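Only one structure is covered here, and it is reproduced in the block below.
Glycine gets a Cβ as well: all are built from the backbone with ideal geometry, and neighbour counts include every protein chain shown. Rule-based calculations on the coordinates, nothing more; no lab input.
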Amino acid sequence: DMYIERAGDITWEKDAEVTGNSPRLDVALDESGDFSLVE
Amino acid sequence: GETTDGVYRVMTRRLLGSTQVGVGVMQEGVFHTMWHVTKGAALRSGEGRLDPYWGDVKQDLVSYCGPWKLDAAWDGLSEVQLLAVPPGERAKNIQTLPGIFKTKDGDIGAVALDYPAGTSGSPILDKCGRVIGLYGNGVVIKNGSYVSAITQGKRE
Ligand SMILES: C[C@H]1CC2(CN1C(=O)Nc1ccc3c(c1)CNC3)CC(F)(F)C2
């Protein structure tokens, strides 16, 4: 059986680590909820 | 059991030791996570039981104890924070500028951050701390890294 455990508050943190790029991708979403790249 | 607002880990004892299968948000007495984390199964919180209330495999979302409550949206301009809760590791805020998933049914924000299996369901927040969606459903690009959609439900 699955169980839950608290891990923290949901708040914005000032001066958090800023990372990651912002790609624009053409995608398709199928009936099973899976995304795939369209090229 | 615990119904205080916040981010929670989703654990199981079925496999070796205690394994983290995902993450979720408790808000207004409703537990929100991604469908692929629980597959719609019931959850435990101390001695109390959480039963699924709404779910959808295509959206890859599920709510427990009540209807989906999260309705904040990415504005299409500002940076956001992923409140990543990785297995065996402390909750950590990561700030990023989302990219875009362009689909035949419209555009969706996307975050290019990579975390282990078990981090799915971690919330994405705006500068006011509002949950604009959950992380964990997206695509694998050329390099092998992940780009997740900012997945949001609809508050009925
Ligand atoms: C490849 C990893 C990377 C990931 C998310 N992943 C998934 O496999 N997601 C996933 C699995 C099954 C289904 C769906 C999505 C929707 N349909 C069923 C862990 C992470 F959250 F850290 C980021």
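Taking the Cβ of residue A:31 as the center, what net charge do the other residues with Cβ under 15 Å away carry, scoring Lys and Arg +1 and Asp and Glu -1? Display every interim value, and only then the final one.
On the way: positive: B:58, B:104; negative: A:30, A:34, B:56, B:60, B:105.
So the environment of residue A:31 carries a net charge of -3.
From the C-alpha coordinates alone, can you work out the Kirkwood hydrodynamic radius of the range B:6-64, in Å?
On the way: mean 1/r = 0.0849 Å⁻¹.
Kirkwood hydrodynamic radius for the range B:6-64: 11.8 Å.
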Log entry: pair-distance distribution for the range B:80-149, C-alpha pairs binned every 5 Å from zero, whole % per bin is 4, 17, 28, 25, 17, 7, 2, 0
Equivalent ellipsoid dimensions for the protein assembly as shown as semi-axes, Å, which come from the Cα gyration tensor, largest first: 25, 18, 17
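Loop-only chymotrypsin sites (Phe, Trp or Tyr not before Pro) in the range B:32-62, please: DSSP not H, G, I, E or B, and at most 16 other Cβ atoms within 10 Å.
Details: sites: B:35, B:53, B:54; in loops: none.
Qualifying residues, ordered by number: none.
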Whole-Hz ³J(HN,Hα) for each residue in the range B:61-74, computed from phi via Karplus 6.51 cos²θ - 1.76 cosθ + 1.60 with θ = phi - 60°, x for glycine and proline: what do you get? 10, 8, 10, 10, 6, x, x, 3, 9, 6, 10, 5, 10, 5
Range of Cα positions in the range B:115-156 per principal axis (Å), largest first: 36, 22, 18
Estimated vicinal HN-Hα couplings, Hz - the range B:20-26 in sequence order (Karplus 6.51, -1.76, 1.60; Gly, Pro = x): 8, 9, x, 9, x, 10, 9
Residues whose placed amide H lies under 5 Å from that of residue B:133, excluding near-sequence neighbours: B:124
Counting other chain Cβ atoms within 10 Å of each Cβ in B:78-87 and taking the mean gives 3
Give, to the nearest whole percent, the P(r) tail of chain B beyond 20 angstrom, counting all Cα pairs. 46 percent
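For the protein assembly as shown, what proportion of DSSP beta bridges, expressed in % and rounded to the nearest 5, is antiparallel?
Details: 50 of 57 bridges.
If we restrict to bridges inside the protein assembly as shown, about 90 percent are antiparallel.
Where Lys and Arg each count +1 and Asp and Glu each count -1, what net charge lies around residue B:100 among other residues with Cβ under 10 Å from its Cβ?
Working: positive: A:24, B:102; negative: A:26, B:107.
Charge balance in the 10 Å sphere: 0.
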Using a Förster distance of 25 Å, the FRET efficiency for residue A:28-residue B:72 (Cβ separation, nearest 0.05): 0.45
The summed charge of the residue B:90 Cβ neighbourhood (under 15 Å; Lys/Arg +1, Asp/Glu -1) stands at -2
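How do the peptides B:111-118, B:61-68, A:25-32 rank, highest first, by the average count of neighbouring beta carbon atoms within 10 Å per residue?
Put in order of decreasing packing, that is B:61-68, B:111-118, A:25-32.
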